[PDB]
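Residue numbers (my numbering): 1233 to 1413.
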């Protein structure tokens, strides 16, 4: 409807796939070459389904900060015959707060879904499903089962991936440029 949704749509149409593990269907953001991200609670194994295609996982790394605290991002390298558009120049360099964010989801259950979530707080520490987690962003939208891995954008920046909610607020893990050098 406006430039928020325009940027979000442009990321969803070229840089997302549907990832299926034994723990469910997730929006998965492709970042560059054959490298993508997914919430660590997807429990990626040796094989993953990508748009319902059996795909070997060449490498998977659950990120933690230098306090050895969970960040809830897994970086995956996929044995895929095609590269993602490189979107690393849209990733923030530092932890920050944001205005006017959009959360975008694409699954069998929620196709072409775009949610205007509004102001995004650098929340920091969250006990996420019992796991101490750092670099959490918070937005005041009642997000639901099926939105995990959803992409959080502002006009011009890809800032996080949706990892949970408490029924009133939603939470995303930060994406930082330094993760993908």
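The beta carbon of each residue, even a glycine, is placed where N, CA and C say it ideally should be.
Skipping 5 residues on each side, what residues in its chain have a beta carbon closer than 6 Å to that of residue i?
{"i": "residue 1384", "result": "1333, 1335, 1391, 1392 and 1404"}
{"i": "residue 1346", "result": "1237, 1240, 1334 and 1336"}
{"i": "residue 1246", "result": "1317"}
Whole angstroms is fine: what's the gap from residue i's alpha carbon to residue j's?
{"i": "residue 1340", "j": "residue 1352", "result": "27 Å"}
{"i": "residue 1348", "j": "residue 1235", "result": "12 Å"}
{"i": "residue 1320", "j": "residue 1243", "result": "12 Å"}
{"i": "residue 1401", "j": "residue 1377", "result": "13 Å"}
{"i": "residue 1425", "j": "residue 1271", "result": "Residue coverage of the chain in this structure runs from 1233 to 1413, which leaves residue 1425 outside it and unanswerable."}
Within this structure, are the beta carbons of residue i and residue j separated by less than 8 Å?
{"i": "residue 1364", "j": "residue 1302", "result": "yes"}
{"i": "residue 1269", "j": "residue 1408", "result": "no"}
{"i": "residue 1366", "j": "residue 1380", "result": "no"}
{"i": "residue 1328", "j": "residue 1354", "result": "yes"}
{"i": "residue 1399", "j": "residue 1374", "result": "yes"}
{"i": "residue 1323", "j": "residue 1412", "result": "yes"}
Helix, strand or coil, according to DSSP, for residue i in the structure here?
{"i": "residue 1374", "result": "coil"}
{"i": "residue 1259", "result": "strand"}
{"i": "residue 1268", "result": "strand"}
{"i": "residue 1396", "result": "strand"}
{"i": "residue 1245", "result": "helix"}
Among the residues of its own chain, which have a CB less than 8 Å from the CB of residue i, if the five just before and after it don't count?
{"i": "residue 1279", "result": "1286, 1287, 1288 and 1289"}
{"i": "residue 1249", "result": "1260, 1262, 1268, 1282 and 1283"}
Problem set entry | Validate contact between the stretch 1261 to 1270 and the stretch 1313 to 1321 using beta carbons, cut 8 Å, 3 pairs | The stretch 1261 to 1270 makes contact with the stretch 1313 to 1321; the number of CB pairs closer than 8 Å reaches 3 or more.
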